[PDB]
Amino acid sequence: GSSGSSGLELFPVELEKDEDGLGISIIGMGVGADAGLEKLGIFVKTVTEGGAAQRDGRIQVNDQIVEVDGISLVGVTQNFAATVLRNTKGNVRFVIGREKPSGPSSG
């Protein structure tokens, strides 16, 4: 049983580009950095007040775009992610990763 524990809520989120594309910000972070085995994590720095991602409500700030329109934004430098978000078109499928629960909770 080698090391490994990946339990994140990966769900596809459709977004329709607007006069100003999506209208969301991303941040370049280093997830699980193991010297050189680090996996850059593209997170949502913020969401434009009244943007495509905002209006939607689905995508939130601090979110993690694991994938986009199928493109993987894992272990990739912001640049890459930036490029993707720049490649995106009208409709874009953002697969955010939310922390799943673990145990029975009341209300």
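Quick reminder, even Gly has a Cβ in these numbers, built from the backbone with ideal geometry, and neighbours come from all protein chains shown. Bear in mind these aren't lab numbers, they're just calculated from the coordinates by the rules spelled out.
Could you please tell me which pairs satisfy a Cβ distance under 9 Å, a separation of 6+ or placement on different chains, a first residue in segment 81-92 that is in contact (Cβ under 8 Å) with a residue 24 or more places away in the chain, and a second residue that is surrounded by 14 or more Cβ atoms within 10 Å (Cβ to Cβ) and part of a helix (DSSP H, G or I)?
Matching pairs, first to second residue: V92/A52; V92/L85.
Considering (1) surrounded by 14 or more Cβ atoms within 10 Å (Cβ to Cβ); (2) in contact (Cβ under 8 Å) with a residue 12 or more places away in the chain; (3) within 10 Å of the chain's Cα centre (by Cα), say which one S25 fails and leave the rest.
Only one criterion in (1) surrounded by 14 or more Cβ atoms within 10 Å (Cβ to Cβ); (2) in contact (Cβ under 8 Å) with a residue 12 or more places away in the chain; (3) within 10 Å of the chain's Cα centre (by Cα) is unmet by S25, namely (3).
Which residues, counting only those in segment 75-90, are closer than 13 Å to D20 by Cα and not small (G, A, S)? I'd like the intermediate steps shown before the answer.
Narrowing segment 75-90 to residues closer than 13 Å to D20 by Cα: 85-86, 88-90.
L85, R86, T88, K89 - these are the residues of segment 75-90 that are closer than 13 Å to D20 by Cα and not small (G, A, S).
Taking the stated definitions as given, is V13 in contact with a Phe, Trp or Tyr (Cβ under 6 Å, 6 or more places away or on another chain), surrounded by 12 or more Cβ atoms within 10 Å (Cβ to Cβ) and on the phi < 0 side of the Ramachandran plot? Give the steps one after another, and end with the answer.
Numbers: in contact with a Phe, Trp or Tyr (Cβ under 6 Å, 6 or more places away or on another chain): yes; surrounded by 12 or more Cβ atoms within 10 Å (Cβ to Cβ): yes; on the phi < 0 side of the Ramachandran plot: yes.
Here the answer is yes, as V13 does meet what is asked.
Under 6 Å between Cβ atoms, at least 6 apart or on separate chains: pull out the pairs that start in segment 57-80 with a residue that is under 19 Å from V47 (Cα atoms) and touching a residue at least 12 places away in the same chain (Cβ under 8 Å) and end on any residue that is of a type in the set (D, E, K, R) and exposed (fewer than 15 other Cβ atoms within 10 Å of the Cβ).
Every condition considered, the pairs that remain are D69/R93.
Of the residues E16, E67, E49, which single one is of a type outside the set (S, T, Y) and over 16 Å from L85 (Cα atoms)?
After applying the criteria, what remains is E49.
Do the conditions hold for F11, that is, is it touching a residue at least 40 places away in the same chain (Cβ under 8 Å) and aromatic (F, W, Y)?
So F11 passes the test.
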